[PDB]
$ cat upload08.pdb   # PDB, C-alpha atoms
ATOM      1  CA  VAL A   1       0.000   0.000   0.000
ATOM      2  CA  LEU A   2       2.835   2.384   1.094
ATOM      3  CA  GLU A   3       1.220   3.731   4.269
ATOM      4  CA  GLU A   4       1.666   6.780   6.524
ATOM      5  CA  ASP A   5       2.820   8.597   3.397
ATOM      6  CA  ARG A   6       3.231  11.820   5.349
ATOM      7  CA  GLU A   7       4.109  12.082   9.025
ATOM      8  CA  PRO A   8       1.489  10.386  11.257
ATOM      9  CA  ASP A   9       0.730  13.728  12.970
ATOM     10  CA  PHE A  10      -0.581  15.226   9.693
ATOM     11  CA  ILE A  11      -3.982  14.462   8.232
ATOM     12  CA  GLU A  12      -4.064  14.673   4.417
ATOM     13  CA  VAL A  13      -7.066  16.357   2.788
ATOM     14  CA  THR A  14      -8.165  15.248  -0.698
ATOM     15  CA  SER A  15     -11.412  17.097  -1.401
ATOM     16  CA  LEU A  16     -12.946  20.478  -0.660
ATOM     17  CA  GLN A  17     -15.611  18.408   1.075
ATOM     18  CA  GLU A  18     -13.103  16.766   3.422
ATOM     19  CA  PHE A  19     -11.524  20.191   4.025
ATOM     20  CA  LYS A  20     -14.788  21.903   4.975
ATOM     21  CA  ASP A  21     -15.695  18.880   7.095
ATOM     22  CA  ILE A  22     -12.501  19.171   9.151
ATOM     23  CA  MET A  23     -12.562  22.966   9.614
ATOM     24  CA  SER A  24     -16.152  22.544  10.871
ATOM     25  CA  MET A  25     -15.034  20.609  13.916
ATOM     26  CA  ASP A  26     -14.898  22.058  17.447
ATOM     27  CA  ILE A  27     -11.118  21.912  17.343
ATOM     28  CA  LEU A  28      -8.347  24.266  16.330
ATOM     29  CA  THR A  29      -7.248  23.091  12.889
ATOM     30  CA  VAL A  30      -4.177  24.308  10.970
ATOM     31  CA  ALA A  31      -4.283  23.388   7.262
ATOM     32  CA  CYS A  32      -0.899  23.554   5.496
ATOM     33  CA  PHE A  33      -0.978  24.052   1.723
ATOM     34  CA  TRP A  34       2.058  22.612  -0.073
ATOM     35  CA  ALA A  35       3.195  21.291  -3.460
ATOM     36  CA  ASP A  36       5.991  19.362  -5.167
ATOM     37  CA  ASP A  37       7.440  22.208  -7.255
ATOM     38  CA  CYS A  38       7.722  24.443  -4.182
ATOM     39  CA  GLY A  39      11.044  25.391  -2.647
ATOM     40  CA  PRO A  40       9.834  27.192   0.463
ATOM     41  CA  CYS A  41       7.530  24.219   1.189
ATOM     42  CA  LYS A  42      10.504  21.863   1.464
ATOM     43  CA  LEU A  43      12.460  23.981   3.919
ATOM     44  CA  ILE A  44       9.531  24.341   6.356
ATOM     45  CA  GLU A  45       8.981  20.564   6.339
ATOM     46  CA  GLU A  46      10.890  19.867   9.558
ATOM     47  CA  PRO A  47       9.862  22.954  11.619
ATOM     48  CA  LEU A  48       6.237  22.095  10.877
ATOM     49  CA  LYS A  49       6.640  18.636  12.435
ATOM     50  CA  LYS A  50       8.132  20.390  15.480
ATOM     51  CA  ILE A  51       5.096  22.716  15.647
ATOM     52  CA  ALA A  52       2.646  19.821  15.345
ATOM     53  CA  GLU A  53       4.542  18.312  18.286
ATOM     54  CA  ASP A  54       4.400  21.580  20.255
ATOM     55  CA  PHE A  55       0.606  21.922  19.752
ATOM     56  CA  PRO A  56      -0.895  18.417  20.237
ATOM     57  CA  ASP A  57      -4.266  20.034  20.898
ATOM     58  CA  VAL A  58      -4.271  21.354  17.275
ATOM     59  CA  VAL A  59      -5.039  19.279  14.192
ATOM     60  CA  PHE A  60      -2.577  19.819  11.314
ATOM     61  CA  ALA A  61      -3.965  18.878   7.893
ATOM     62  CA  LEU A  62      -1.936  18.892   4.652
ATOM     63  CA  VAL A  63      -3.394  19.999   1.308
ATOM     64  CA  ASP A  64      -1.512  19.161  -1.888
ATOM     65  CA  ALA A  65      -2.206  22.137  -4.167
ATOM     66  CA  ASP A  66      -1.431  20.083  -7.293
ATOM     67  CA  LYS A  67      -4.321  17.724  -6.488
ATOM     68  CA  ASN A  68      -6.826  20.164  -4.927
ATOM     69  CA  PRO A  69      -7.110  23.222  -7.170
ATOM     70  CA  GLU A  70     -10.768  23.708  -6.264
ATOM     71  CA  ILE A  71      -9.816  24.097  -2.586
ATOM     72  CA  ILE A  72      -6.957  26.315  -3.752
ATOM     73  CA  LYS A  73      -9.508  28.369  -5.670
ATOM     74  CA  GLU A  74     -12.212  28.299  -2.971
ATOM     75  CA  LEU A  75      -9.823  29.743  -0.362
ATOM     76  CA  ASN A  76      -8.010  32.194  -2.673
ATOM     77  CA  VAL A  77      -4.611  30.575  -2.038
ATOM     78  CA  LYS A  78      -2.093  32.365  -4.316
ATOM     79  CA  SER A  79       1.265  31.386  -2.750
ATOM     80  CA  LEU A  80       2.996  28.461  -1.051
ATOM     81  CA  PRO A  81       3.293  27.573   1.683
ATOM     82  CA  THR A  82       0.079  28.894   3.203
ATOM     83  CA  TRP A  83      -1.433  27.956   6.561
ATOM     84  CA  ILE A  84      -5.114  28.580   7.193
ATOM     85  CA  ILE A  85      -6.348  28.342  10.796
ATOM     86  CA  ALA A  86      -9.953  27.618  11.817
ATOM     87  CA  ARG A  87     -12.234  26.075  14.427
ATOM     88  CA  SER A  88     -15.938  25.232  14.282
ATOM     89  CA  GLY A  89     -16.245  26.431  10.704
ATOM     90  CA  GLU A  90     -14.823  29.868  11.520
ATOM     91  CA  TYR A  91     -11.567  30.985   9.888
ATOM     92  CA  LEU A  92      -9.309  32.536  12.503
ATOM     93  CA  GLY A  93      -6.171  33.637  10.623
ATOM     94  CA  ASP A  94      -3.526  32.779   8.072
ATOM     95  CA  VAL A  95       0.200  32.876   7.309
ATOM     96  CA  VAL A  96       1.549  33.222   3.746
ATOM     97  CA  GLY A  97       5.125  32.142   3.060
ATOM     98  CA  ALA A  98       7.740  29.984   4.722
ATOM     99  CA  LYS A  99       7.182  31.700   8.094
ATOM    100  CA  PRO A 100       7.105  29.066  10.895
ATOM    101  CA  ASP A 101       7.684  31.530  13.756
ATOM    102  CA  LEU A 102       4.645  33.610  12.750
ATOM    103  CA  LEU A 103       2.506  30.465  12.594
ATOM    104  CA  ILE A 104       3.541  29.724  16.207
ATOM    105  CA  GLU A 105       2.631  33.274  17.290
ATOM    106  CA  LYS A 106      -0.660  33.243  15.407
ATOM    107  CA  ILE A 107      -1.468  29.845  16.955
ATOM    108  CA  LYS A 108      -0.783  31.008  20.514
ATOM    109  CA  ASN A 109      -2.624  34.274  19.835
ATOM    110  CA  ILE A 110      -5.756  32.506  18.582
ATOM    111  CA  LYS A 111      -5.675  30.090  21.538
ATOM    112  CA  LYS A 112      -5.464  32.923  24.091
ATOM    113  CA  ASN A 113      -8.443  34.605  22.408
ATOM    114  CA  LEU A 114     -10.421  31.304  22.537
ATOM    115  CA  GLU A 115      -9.786  31.046  26.351
ATOM    116  CA  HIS A 116     -10.650  34.801  26.076
TER
END

$ encode --input "upload08.pdb" --output "structure tokens"
Amino acid sequence: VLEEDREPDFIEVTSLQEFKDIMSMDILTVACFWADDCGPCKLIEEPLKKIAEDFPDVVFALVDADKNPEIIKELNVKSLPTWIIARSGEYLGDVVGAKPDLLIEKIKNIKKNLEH
């Protein structure tokens, strides 16, 4: 089969339907948009696994832009990598570019505002 194709901590999204289903959940979800022909994507590969370790309460989903252009178009994603953050169907922020430290900050910031 060739299983656990990406890291076990990442869920892989294959349809706009699956995407909307996951961002609907009562859980902080960080979707990372990536692609093969993408240089900045590669170099954030490791730090993103470290972030998924640092935030076990957050779901990290991967979207291959090659294979999901209708999600790319639905969410107006024009650059890679792009992280979109959401919880219970509400979009709570985003980070455009290979910017792991801003993702961290945005994640902590959104959490503090959820605990108000």

$ closest_residue --input "upload08.pdb" --among "A:25, A:30, A:58, A:35" --to "residue 79 in chain A" --atoms "all atoms listed in the file"
A:35

$ resolve_selection --input "upload08.pdb" --expression "the PyMOL selection byres ((chain A and resi 63) around 8)" --output "list in words"
residues 12, 13, 14, 31, 32, 33, 34, 61, 62, 64, 65 and 68 of chain A

$ residues_near_point --input "upload08.pdb" --point "(-1.9, 12.0, 13.1)" --cutoff "9 Å" --atoms "all atoms listed in the file" --output "list in words"
residues 7, 8, 9, 10, 11, 59, 60 and 61 of chain A

$ atom_distance --input "upload08.pdb" --atom1 "CA of residue 97 in chain A" --atom2 "CA of residue 28 in chain A"
20.5 Å

$ residues_around --input "upload08.pdb" --residues "range 104-111 of chain A" --least-positions-apart "2" --cutoff "9 Å" --atoms "all atoms listed in the file" --output "ChimeraX atom specification"
/A:28,30,51,55,58,85,92-95,100-102,113-116

$ atom_distance --input "upload08.pdb" --atom1 "CA of residue 24 in chain A" --atom2 "CA of residue 87 in chain A"
6.4 Å

$ resolve_selection --input "upload08.pdb" --expression "the PyMOL selection byres ((chain A and resi 88) around 10)" --output "list in words"
residues 20, 21, 22, 23, 24, 25, 26, 27, 28, 29, 86, 87, 89, 90 and 91 of chain A
